[PDB]
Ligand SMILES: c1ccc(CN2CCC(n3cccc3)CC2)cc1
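Shown below, as structure tokens, is a lone chain in the form deposited without this ligand; questions about how it binds or moves come after it.
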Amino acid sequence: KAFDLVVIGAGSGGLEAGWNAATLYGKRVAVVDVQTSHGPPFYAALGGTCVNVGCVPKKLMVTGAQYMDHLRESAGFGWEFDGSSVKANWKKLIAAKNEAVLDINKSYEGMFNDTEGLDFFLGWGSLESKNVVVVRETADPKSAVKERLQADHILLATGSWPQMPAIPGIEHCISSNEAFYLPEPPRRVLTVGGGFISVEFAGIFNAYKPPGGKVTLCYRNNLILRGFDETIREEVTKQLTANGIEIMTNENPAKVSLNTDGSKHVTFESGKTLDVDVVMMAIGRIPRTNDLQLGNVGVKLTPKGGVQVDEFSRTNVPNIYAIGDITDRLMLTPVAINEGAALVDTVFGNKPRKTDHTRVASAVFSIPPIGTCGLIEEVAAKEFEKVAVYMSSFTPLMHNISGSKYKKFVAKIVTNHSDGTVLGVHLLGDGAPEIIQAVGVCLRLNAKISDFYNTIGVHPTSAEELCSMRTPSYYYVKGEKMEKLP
């Protein structure tokens, strides 16, 4: 019942911290989660949000959705078929995804049993005191104590949870959590939000919709994918539109009612209406702090609800740390993992290390996908006197043959024009997520535009475009956009 480390949440960050502590420093670790395998009622489970209702299932489902493009595109390369026999069996996709996620759930179970002093506890973690975690049967603080855990160090890794706008008929709407388990693919769906989860799911639904189906994505402002490169935001919008997805910008649901047939009558703030079979809210995720009872030990939260941390993932309470989505910064699995590894190398390995939250490669499995690392030009332009933008945007040849002429590949490099240093790389097109990973290493090594253009291309690839840009397309000078320097 006494542990070097107690971790609340057996997710991306929590398991990395847990496993590393146990196996790298022979430490004694307790990991708490509410559920041992994916799905209702708690959705996240052993493995965390990414494994159960996140990156893993989403990617399998986006891969499934990609086959709609492959069938259509194959014809240009001489593939012949009756397009009339083509059906997208959503139920098969969901059962395959479920089997894949369950096997990972079982993978982690074996990990805990096989591993000395690494123990899993089922139930709800909360803080009783500085050095005691209590595991309860429910999220209610009043429920039975399954366990009392003595902790030299406590790690909070409870991640995040979908925010559902408090509108009349929100109970008719789902989140990404329920999207993973729909028994049937919606004919008509409204994905609410302009971020990666809304965009990815619009893609998935668009491929699996029954005949005369329609995917509508709404976003409360003017242009989806805030924080992404502007060229890419406008291009993804076009390419989603080109593939039959209806993008409603400057629109936001005001309420939902059930029609008598069980469909959803959506009324927008603008007064517009839309009938859909599914309303999926993806307007944001919020740190899961409530249920930990942070009032009991005085862990400080931010003006946004995230556990306040320093560079070393330390709370205001010594021995108590927080990593991943609960910190409400970059909500990415590899960041959570990095923070967990760093924390344990600091606290248990006597090798202090801080996660670098700059120059993080990330992706959107939009169709087609985004791969990005480092600063967008608007952000670079406020920090640096002289910023150069290099841009190549063209439909690759195979997509002239495929018939998908709308699939422009976009490659942008943003530099500090004073020394050539690459500040950001932004890709839109097939392969972008794979291309961008080694770009992350390049940025860690402080690569300049001349390091890219002096490297010999791999031909033929989209990636070689990154090694073919020698001349800026335009600049920002003291924040001002212009074709040419003074």
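For clarity, a rigid core is taken as the largest C-alpha set superposing within 1.5 Å between two forms. From 1 onward, residues are counted along the sequence shown.
Comparing the two stretches 297-305 and 388-396 by root mean square C-alpha distance in 9 other deposited structures of this protein, with all structures fitted on the core, the more displaced one is 297-305. Look at the C-alpha B-factors of 123-131 and of 252-260. On average they run higher in 123-131. Stretches compared: 159-167, 142-150. Higher mean C-alpha B-factor in the entry: 142-150. Within the listed group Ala207, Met111, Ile232, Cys373, the record reports its top CA B-factor for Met111. Based on the entry's C-alpha B-factors, the most elevated value among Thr273, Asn243, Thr358, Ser313 belongs to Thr273. Compared with the other modelled residues of the chain, the Cα B-factor recorded for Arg444 ranks in the middle third.
Among the modelled residues of the chain, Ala30 sits in the highest third by CA temperature factor in this PDB entry. Per-chain ranking of the deposited C-alpha B factor places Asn20 in the middle third.
Ranked within its chain, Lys407 lands in the middle third, by CA B factor from the PDB record. In this PDB entry, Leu102 carries a Cα temperature factor that places it within the middle third of its chain's modelled residues.
Not pictured, yet referred to below: the form solved in complex with this ligand.
Using a 4.5 Å cutoff between non-hydrogen atoms, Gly83 counts as a contact of this ligand in the deposited complex.
This ligand is not drawn, but in the deposited complex it has a heavy atom within 4.5 Å of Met68. Of the heavy atoms in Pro211, some are within 4.5 Å of this ligand in the deposited complex. Shown alone here, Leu102 lies farther than 4.5 Å from this ligand in the deposited complex, counting heavy atoms only. The listed set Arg72, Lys255, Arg187, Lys386 contains one residue whose heavy atoms approach this ligand in the deposited complex to within 4.5 Å, identified as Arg72. Of the residues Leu301, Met248, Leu223, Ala88, just one reaches this ligand in the deposited complex with a heavy atom at 4.5 Å or closer; this is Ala88. Across the options 202-210, 258-266, 306-314, 145-153, residues that bring heavy atoms within 4.5 Å of this ligand in the deposited complex belong to 202-210.
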